[PDB]
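Enquirer: First, the structure itself, so that you have it in front of you.
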Number of protein chains: 2
Amino acid sequence: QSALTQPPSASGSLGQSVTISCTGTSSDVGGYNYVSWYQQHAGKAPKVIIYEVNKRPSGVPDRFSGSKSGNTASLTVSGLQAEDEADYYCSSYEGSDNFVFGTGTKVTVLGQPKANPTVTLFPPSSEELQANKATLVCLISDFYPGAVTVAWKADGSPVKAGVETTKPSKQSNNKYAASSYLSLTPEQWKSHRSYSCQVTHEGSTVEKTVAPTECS
Amino acid sequence: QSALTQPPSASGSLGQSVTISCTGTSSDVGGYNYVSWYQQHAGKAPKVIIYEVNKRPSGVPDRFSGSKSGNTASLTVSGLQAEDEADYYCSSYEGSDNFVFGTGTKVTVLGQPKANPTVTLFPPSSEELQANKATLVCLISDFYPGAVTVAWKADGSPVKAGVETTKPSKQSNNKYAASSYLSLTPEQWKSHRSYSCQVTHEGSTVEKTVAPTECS
Ligand SMILES: COC(=O)[C@H](Cc1ccccc1)NC(=O)[C@@H](N)CC(=O)O
Ligand SMILES: COC(=O)[C@H](Cc1ccccc1)NC(=O)[C@@H](N)CC(=O)O
């Protein structure tokens with residue numbers, strides 16, 4: 001019926017350790033030894049890092065370890081790293097082949113070094129302009145925290161109009177990425193001098209420009 | 001690792017009957033009758049919706065069926081109810097360590113017409129190769145539901161590492177558009193026949209190839 005009361009948040013520090021614990025009743029959790037832990041990364045397939053309460057599949061490292069106490073098991077992670085930022089779930093065998101999960105926890109490894117973005121501007125394909133099209137993409141990546149402001153200007157004065165930015169998403173490196181594209185026209189692209197993309201991240205503005213190259 | 005595989009998106013309207021797949025071939029023993037189907041709404045904890053190919057726990061409406069087709073675990077949400085729009089995972093238990101998890105299928109009760117992705121592959125601008133670096137940006141715009149799958153190949157052969165994908169973000173036209181990039185040294189760049197990016201999205205599989213002919 002109900003889930004296994006799991007806290008909604010935790011916080012650790014690079015090298016430290018954090019114990020995420022979920023609780024239930026003496027019917028599902030409290031009765032057996034099948035309290036397992038999952039871990040999916042921000043809207044992405046789950047993964048198992050614990051089973052039979054205190055155990056791990058031949059992949060999860062030695063920082064992962066949970067153990068059942070009362071009617072509540074609990075996982076803890078030391079050697080805390082940035083890549084550990086994620087939502088964890090707790091399961092537990094119920095009655096008639098029934099399995100129950102926790103209410104979820106989102107652990108945030110604090111103390112994570114701050115990064116300034118790396119803006120890469122791109123000129124329309126050698127083939128984009130062949131189909132009578134032209135769109136520029138401002139690749140903002142490798143930055144942290146996860147908030148940024150992307151802006152576009154024409155030959156010098158604002159261009160805001162026909163610009164689509166996307167939310168910032170974590171990468172494989174535990175930092176963020178994010179693009180922003182402009183849709184021009186070969187003609188709305190040629191009849192100019194230089195377009196530029198501006199990325200303001202934590203009081204640190206970056207700004208690359210672009211000009212037409214004949215070849216690619 | 002992602003042995004089990006499934007559509008990026010599977011959508012329909014009310015009444016319809018979407019049919020998610022779990023074609024986790026990867027050959028396997030081709031005899032793992034333990035396939036589960038976790039349903040994961042947004043902002044909530046997953047939950048076994050079907051288990052053992054086709055067994056259903058207490059609760060689950062008959063609207064759901066489960067089955068293995070040679071090497072294909074499928075699920076069907078006939079009469080697609082509104083409250084059925086979520087992410088639908090799938091799995092097979094292996095070696096008590098290998099809990100392989102599908103990749104996730106996000107159902108969507110159609111809210112607007114279907115919009116296929118508009119991928120445009122970008123090569124590293126000359127000025128960038130003038131900084132001893134290459135970045136290939138794959139821009140995917142104008143689609144729906146907001147669920148895409150991106151693959152990378154260098155010379156036809158997959159590019160399993162160095163690739164980055166963003167998370168679908170609604171555009172001003174409420175049409176999703178994500179972006180994927182692959183960072184590589186000018187050498188890797190120049191040392192390959194042609195580079196290709198190819199997103200997935202409900203049947204269609206548009207792929208764009210880019211050759212390293214650059215001006216620098
Ligand atoms: C997979 O565990 C089992 O084989 C089944 C339960 C089950 C099977 C398939 C899907 C959900 C639940 N049996 C068990 O887990 C039991 N061996 C353990 C217990 O009674 O606590
Ligand atoms: C029915 O719920 C299950 O499948 C669970 C957990 C699980 C998690 C992720 C992927 C597959 C299985 N599986 C089981 O209980 C069994 N596969 C393990 C056992 O028999 O002890």
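Enquirer: Of the candidates B:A73, B:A147, B:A131, which one comes out as most mobile in a Gaussian network treatment of chain B with C-alpha springs shorter than 10 Å?
Expert: Evaluated over chain B, the most mobile residue of the options is B:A131.
Enquirer: Report the relative contact order of the stretch A:2-111, percent, no decimals, based on alpha-carbon pairs under 8 angstrom and at least 6 residues apart. Don't skip to the answer; put the middle values down first.
Expert: Numbers: 288 pairs, mean separation 42.4, N = 110.
Relative contact order for the stretch A:2-111 comes out at 39 percent.
Enquirer: Please enumerate, by chain and number, the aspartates and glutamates with C-alpha under 13 Å from the C-alpha of A:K190, excluding those fewer than 8 residues away in the same chain.
Expert: Hits, sequence-local ones excluded: A:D155, A:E214.
Enquirer: Measuring from label point to label point, each 7 Å out along Cα→Cβ, what is the A:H192 to A:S27 span in nm?
Expert: That separation, rounded to one decimal, is 6.4 nm.
Enquirer: Now for a separate question. Residues of the stretch A:116-158 with amide nitrogen under 15 Å from the 7 Å Cα-to-Cβ point of B:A131?
Expert: A:116-123, A:137-143
Enquirer: Go through B:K47/B:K167; A:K167/B:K153; B:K55/B:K153; A:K160/B:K44; A:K68/B:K167 and tell me which ones have a Cα-Cα distance over 31 Å in this structure. The partial results should precede the final answer.
Expert: On the way: B:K47/B:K167 23 Å; A:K167/B:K153 26 Å; B:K55/B:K153 39 Å; A:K160/B:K44 36 Å; A:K68/B:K167 36 Å.
Too far apart for the 31 Å limit: B:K55/B:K153; A:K160/B:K44; A:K68/B:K167.
Enquirer: Continuing with the same structure: Stokes-Einstein D for the stretch A:2-111 at 37 °C, 0.692 mPa s, Kirkwood Rh over Cα pairs, in µm²/s? All intermediate terms of the calculation are to be shown ahead of the outcome.
Expert: Details: Rh = 13.7 Å.
Here the translational diffusion coefficient equals 240 µm²/s.
Enquirer: For the protein assembly as shown, what is Rg from Cα atoms divided by 2.2 N^0.38 Å, rounded to two decimals? All intermediate terms of the calculation are to be shown ahead of the outcome.
Expert: Working: Rg = 23.5 Å, N = 432, 2.2 N^0.38 = 22.1 Å.
Scaled against compact globular proteins, the figure is 1.06.
Enquirer: Under a Cβ-only charge scheme (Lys and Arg +1, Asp and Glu -1), can you give me the dipole magnitude of chain B about the Cα centre, in debye to the nearest 20? The partial results should precede the final answer.
Expert: Details: 17 positive and 18 negative charges, 52 e Å.
The dipole magnitude comes to about 260 debye.
Enquirer: Hey, another quick one. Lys and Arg at +1, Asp and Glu at -1: add these up for the other residues within a Cβ distance under 13 Å of B:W189 and post the number.
Expert: Numbers: positive: B:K133, B:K190, B:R193; negative: B:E128, B:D155, B:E187, B:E214.
Charge balance in the 13 Å sphere: -1.
Enquirer: Considering only the other residues whose Cβ falls under 13 Å of the Cβ of A:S67, what net charge follows from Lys and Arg at +1 and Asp and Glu at -1?
Expert: Values: positive: A:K55, A:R56, A:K68; negative: A:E52.
Spelling it out: positives minus negatives among the neighbours equals +2.
Enquirer: To the nearest 20 debye, what charge dipole does the stretch B:2-111 have about its Cα centre, counting +1 at the Cβ of each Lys and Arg and -1 at the Cβ of each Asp and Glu?
Expert: Working: 7 positive and 9 negative charges, 31 e Å.
Dipole size: approximately 140 debye.
Enquirer: I would also like to ask the following. Among B:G162, B:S141, B:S96, which residue has its Cα furthest toward the positive end of the charge dipole of the stretch B:94-162, with +1 on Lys/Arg Cβ and -1 on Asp/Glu Cβ?
Expert: So the residue furthest toward the plus end is B:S141.
Enquirer: In nm, to one decimal, how far is the A:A115 label point from the A:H41 one, both placed 7 Å along Cα→Cβ?
Expert: 1.2
Enquirer: Mind checking the dipole of the protein assembly as shown: about its Cα centre, +1 per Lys or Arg Cβ, -1 per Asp or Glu Cβ, Debye to the nearest 20? Mind showing how you got there, number by number?
Expert: On the way: 34 positive and 36 negative charges, 65 e Å.
Charge dipole of the protein assembly as shown: 320 debye, to the nearest 20.
Enquirer: To continue, here is another question. Over chain B, calculate the relative contact order: mean separation of alpha carbon pairs under 8 Å at least 6 apart, over the residue count, as a percent.
Expert: On the way: 522 pairs, mean separation 42.9, N = 216.
The normalised contact order for chain B reaches 20 percent.
Enquirer: In bins 5 Å wide, starting from 0, what share of all Cα pairs of the stretch A:112-212 does each bin hold, as a percent?
Expert: Histogram of Cα-Cα distances, whole percents per bin: 3, 13, 24, 22, 16, 11, 7, 3, 1, 0.
Enquirer: Looking at chain B from every direction and averaging, what is the projected area of its Cα convex hull in nm²?
Expert: Numbers: hull surface 56.1 nm².
Mean shadow area of the hull around the Cα atoms is 14.0 nm².
Enquirer: Based solely on its DSSP helices, what 222 nm [θ] is calculated for chain B when runs of n ≥ 4 H residues each add -39,500 (n - 2.57) and the sum is averaged over all residues, nearest 500 deg cm²/dmol? Walk me through the intermediate numbers first.
Expert: Details: 2 runs with 9 residues, N = 216.
The helix-only estimate for chain B comes to -500 deg cm²/dmol at 222 nm.
Enquirer: Further question: Among the GluC sites (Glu not before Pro) within the stretch A:25-129, which fall in a DSSP loop and have no more than 14 other Cβ atoms within 10 Å of their own Cβ? Don't skip to the end; give the middle numbers.
Expert: Values: sites: A:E52, A:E83, A:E85, A:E94, A:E127, A:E128; in loops: A:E52, A:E85, A:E94, A:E127, A:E128.
Sparse-neighbourhood loop GluC sites (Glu not before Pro): A:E52.
Each reported figure results from applying straightforward, stated rules to the coordinates on display, with no laboratory input. For neighbour counting, all protein chains shown are included, and Cβ atoms are generated from backbone atoms with ideal geometry for every residue, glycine included.
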